[PDB]
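Every number here is computed from the coordinates shown, using simple stated rules; none is lab data. Every residue, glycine as well, gets a Cβ built from its backbone with ideal geometry; the counts of neighbours run over all protein chains shown.
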Amino acid sequence: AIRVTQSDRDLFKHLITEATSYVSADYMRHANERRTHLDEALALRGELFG
Amino acid sequence: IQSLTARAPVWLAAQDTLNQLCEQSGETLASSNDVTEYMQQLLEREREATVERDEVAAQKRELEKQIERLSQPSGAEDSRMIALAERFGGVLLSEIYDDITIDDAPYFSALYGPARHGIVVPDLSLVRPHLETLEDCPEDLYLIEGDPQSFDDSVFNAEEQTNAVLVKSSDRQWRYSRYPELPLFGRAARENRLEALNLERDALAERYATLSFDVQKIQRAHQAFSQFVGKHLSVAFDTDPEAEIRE
Amino acid sequence: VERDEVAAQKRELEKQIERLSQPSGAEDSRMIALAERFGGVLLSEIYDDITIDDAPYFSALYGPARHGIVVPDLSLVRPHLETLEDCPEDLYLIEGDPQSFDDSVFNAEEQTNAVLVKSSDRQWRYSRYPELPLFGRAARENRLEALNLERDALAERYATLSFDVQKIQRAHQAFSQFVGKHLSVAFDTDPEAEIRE
Amino acid sequence: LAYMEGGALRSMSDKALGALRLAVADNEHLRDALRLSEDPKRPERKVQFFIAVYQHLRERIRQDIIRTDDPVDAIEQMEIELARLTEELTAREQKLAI
């Protein structure tokens, strides 16, 4: 039993970690890109109007 | 803004770990002192669950020991009795009465009393030289004389009574035995009773499994909180930087 | 955890000592009632004062019959026998003078650390020397005191562990308070130099 | 991660992908999804890959001994099982027979 459960735990713990990091990092990078786009739009808008 | 920005990521990591930790528990934490008091409650639950675990363990040990006494070869004080049975030209009495029915089993068990698990040896003088060597034996060994193959009822001054038996063991000595239930002799249905005991012990094993699992859960919860405070208090429960940066 | 462990063992010892109900080492009161119901006396009560040196020998000699009533008549029991239901499942009875109890009929022969008794026709019984014999009790106060010594050792160990835990908790509270009120400035440099600059 | 520059985020993403390629080598469904995920112009594909992973794990939980549907929570139960089983392994030593 200890052998089987050891294998299952190792598989779960490694695969879940890699999937989570790979997905979440890209998700946050998109969030930051959108923030940068909004900041650029507002800055250029402001100085253009003024 | 620079100070707040440098501070922010640490506070955010700490908050994520804290939220995960408290959500994992039933109670919600709000301060250092609160976390400490939760530590104490966790310890109390440890030391209660462990007591129930140990008590159930004691019952399980008793059950296995009881089952084991009824096992083999003809359930008896098997540790030494089998060797003691062959080291003399004799046969174990309980083995001679292996086949008796359930109706006569209580009668015979009352009749033979403590001597149920003695050995039959037809001379009892051939043991006299061997006897001095017996340093490894039950504290009270019983020996009987008769034909092992067609052993006649040992001459007892026996007398049947209502649900009991009277016997004169010696001049100026009498023994009075009340009919027990589920006896030694008749080791055909005594397997029936050990079957009942197996059914009983299954439940104890299951319950013990659950209790041990619970104790391990509590111990790991304490480990998690200790790890947390080791890595976390420097910024725990501080004010949110997102708000102040926005301001 | 350790102080709880010691408390559990001390409970076990206290339970064992409590099991020494009366006078020092429990004796079944039901047997006293039975000895009252028939003219006679409990055998252990007759030999409760024999020397500790010979006590194991006597206990080996009597075997299961150690707990029994000395009834010199045996005529009172037989009519009352069918009336006995609360009695112990294996009741033992012996005939002799309770006041001056002559040696019970055993064809007893003494072996090295053991006894051999020809109980009946075609029956011998063999027994080895035990400890804590039922006879020669003399209250066996020395065993009660040995158990008390063990119990007091456990109590002392428990006391030390409780004291230690109290110390540790006090240190913990000190640190909690410190990080509650000085952590923000802990390990920083002296501001006087910067003020001078 | 909100307080980091994009270079570090990409470094983590790339190294995680490097690990994933090996972890997912044998499976085909997950391998197809991961393959589809790497075009930057279609973000939802990555979350779809994540969903595939979670469903695939949920089938393998073996609820005979476990009950949590979320695998991440199931890790703790596997840990508890390891501790308990290692404790049961200790000893009995009442060995004596014919």
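Within segment C:97-116, which residues are more than 9 Å from chain B (Cβ to nearest Cβ) and β-branched (V, I, T)?
Hit for segment C:97-116 is C:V115, nothing else.
How do the helices (runs of 4 or more DSSP H) wholly within segment B:13-126 filter down when requiring 1 or more residues that are touching a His at 6+ places or on another chain (Cβ under 6 Å) and farther than 21 Å from B:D147 by Cα: which remain? Steps first, answer last, please.
Numbers: elements: B:32-69, B:78-87, B:93-96, B:105-112.
Counting at least 1 such residues, we get B:32-69.
Would you check if B:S94 is within 11 Å of chain C (Cβ to nearest Cβ) and closer than 24 Å to B:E200 by Cβ? Reasoning before the result, please.
Numbers: within 11 Å of chain C (Cβ to nearest Cβ): no; closer than 24 Å to B:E200 by Cβ: yes.
No: the conditions fail for B:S94.
Would you say B:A221 is out of contact with any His (no Cβ under 6 Å at 6 or more places or on another chain), without any contact (Cβ under 8 Å) to a residue 12 or more places away in the chain, within 14 Å of another protein chain (Cβ to nearest Cβ) and in a helix (DSSP H, G or I)? Break it down into steps so the answer makes sense when it comes.
Numbers: out of contact with any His (no Cβ under 6 Å at 6 or more places or on another chain): yes; without any contact (Cβ under 8 Å) to a residue 12 or more places away in the chain: no; within 14 Å of another protein chain (Cβ to nearest Cβ): yes; in a helix (DSSP H, G or I): yes.
No.
Within segment C:117-142, can you find the residues that are farther than 22 Å from C:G25 by Cβ and at the interface with chain B (Cβ under 7 Å from one of its Cβ atoms)?
Of all residues in segment C:117-142, those farther than 22 Å from C:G25 by Cβ come to C:117-126.
Passing the criteria: C:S119, C:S120, C:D121, C:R122, C:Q123, C:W124, C:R125, C:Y126.
Can you work out which of the residues in segment B:157-176 that are within 10 Å of chain C (Cβ to nearest Cβ) and surrounded by fewer than 18 Cβ atoms within 10 Å (Cβ to Cβ) is nearest to C:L43 (Cα to Cα)?
Filtering segment B:157-176 down to residues within 10 Å of chain C (Cβ to nearest Cβ) leaves B:157, B:159, B:161-164, B:166-176.
If we keep only those that are surrounded by fewer than 18 Cβ atoms within 10 Å (Cβ to Cβ) as well, we get B:157, B:159, B:161-163, B:168, B:171-172.
Numbers: B:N157: 23, B:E159: 24, B:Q161: 25, B:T162: 27, B:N163: 26, B:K168: 18, B:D171: 17, B:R172: 14 Å.
So the residue we want is B:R172.
Of these, D:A83, D:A16, D:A97, which one is more than 8 Å from chain A (Cβ to nearest Cβ), surrounded by 12 or more Cβ atoms within 10 Å (Cβ to Cβ), without any contact (Cβ under 8 Å) to a residue 12 or more places away in the chain and on the phi < 0 side of the Ramachandran plot? Walk me through how you get there before you give the answer.
On the way: D:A16 fails: more than 8 Å from chain A (Cβ to nearest Cβ); D:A97 fails: surrounded by 12 or more Cβ atoms within 10 Å (Cβ to Cβ).
One residue alone meets the criteria, D:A83.
I need the full set of residues from segment B:177-188 which are touching a residue at least 40 places away in the same chain (Cβ under 8 Å) and within 14 Å of chain C (Cβ to nearest Cβ), in order please. Even if it seems obvious, please write down each step before you answer.
Here is the first cut: in segment B:177-188, the residues touching a residue at least 40 places away in the same chain (Cβ under 8 Å) are B:177-181, B:183-188.
B:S177, B:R178, B:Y179, B:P180, B:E181, B:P183, B:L184 - these are the residues of segment B:177-188 that are touching a residue at least 40 places away in the same chain (Cβ under 8 Å) and within 14 Å of chain C (Cβ to nearest Cβ).
Out of the residues in segment B:83-122 meeting the condition of being of a type in the set (G, A, S) and over 30 Å from B:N163 (Cβ atoms), tell me which one is surrounded by the most Cβ atoms within 10 Å (Cβ to Cβ).
As a first pass, look at segment B:83-122 and keep what is of a type in the set (G, A, S): B:83, B:85, B:89-90, B:94, B:105, B:109-110, B:113, B:115, B:118.
Okay, now just the ones that are also over 30 Å from B:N163 (Cβ atoms), so B:83, B:85, B:89-90.
On the way: B:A83: 12, B:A85: 21, B:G89: 14, B:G90: 23.
Only one residue fits best here, namely B:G90.
Against the conditions (1) crowded, with 16+ Cβ neighbours inside 10 Å; (2) more than 10 Å from chain C (Cβ to nearest Cβ); (3) part of a helix (DSSP H, G or I); (4) not hydroxyl-bearing (S, T, Y), where does B:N198 fall short? Just the number, please.
(1)
Kindly provide the set of residues from segment C:94-132 that are touching a residue at least 40 places away in the same chain (Cβ under 8 Å), farther than 19 Å from B:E135 by Cα and not hydroxyl-bearing (S, T, Y), ordered by number.
Result: C:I94, C:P98, C:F101, C:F106.
Whether any residue in segment D:60-73 is more than 9 Å from chain A (Cβ to nearest Cβ), surrounded by 12 or more Cβ atoms within 10 Å (Cβ to Cβ) and assigned to a helix (DSSP H, G or I) is what I want to check.
yes
Touching a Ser or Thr at 6+ places or on another chain (Cβ under 6 Å) and in a loop (DSSP other than H, G, I, E, B), is that true of B:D152? Spell out how you get there, then give the answer.
Details: touching a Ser or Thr at 6+ places or on another chain (Cβ under 6 Å): no; in a loop (DSSP other than H, G, I, E, B): yes.
The answer is no for B:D152.
So B:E191 clears everything in (1) more than 14 Å from chain C (Cβ to nearest Cβ); (2) farther than 30 Å from C:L183 by Cβ; (3) touching a helix residue (DSSP H, G or I) at 6+ places or on another chain (Cβ under 6 Å) except one condition, right? Which one?
Of the numbered conditions (1) more than 14 Å from chain C (Cβ to nearest Cβ); (2) farther than 30 Å from C:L183 by Cβ; (3) touching a helix residue (DSSP H, G or I) at 6+ places or on another chain (Cβ under 6 Å), the odd one out for B:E191 is (3).
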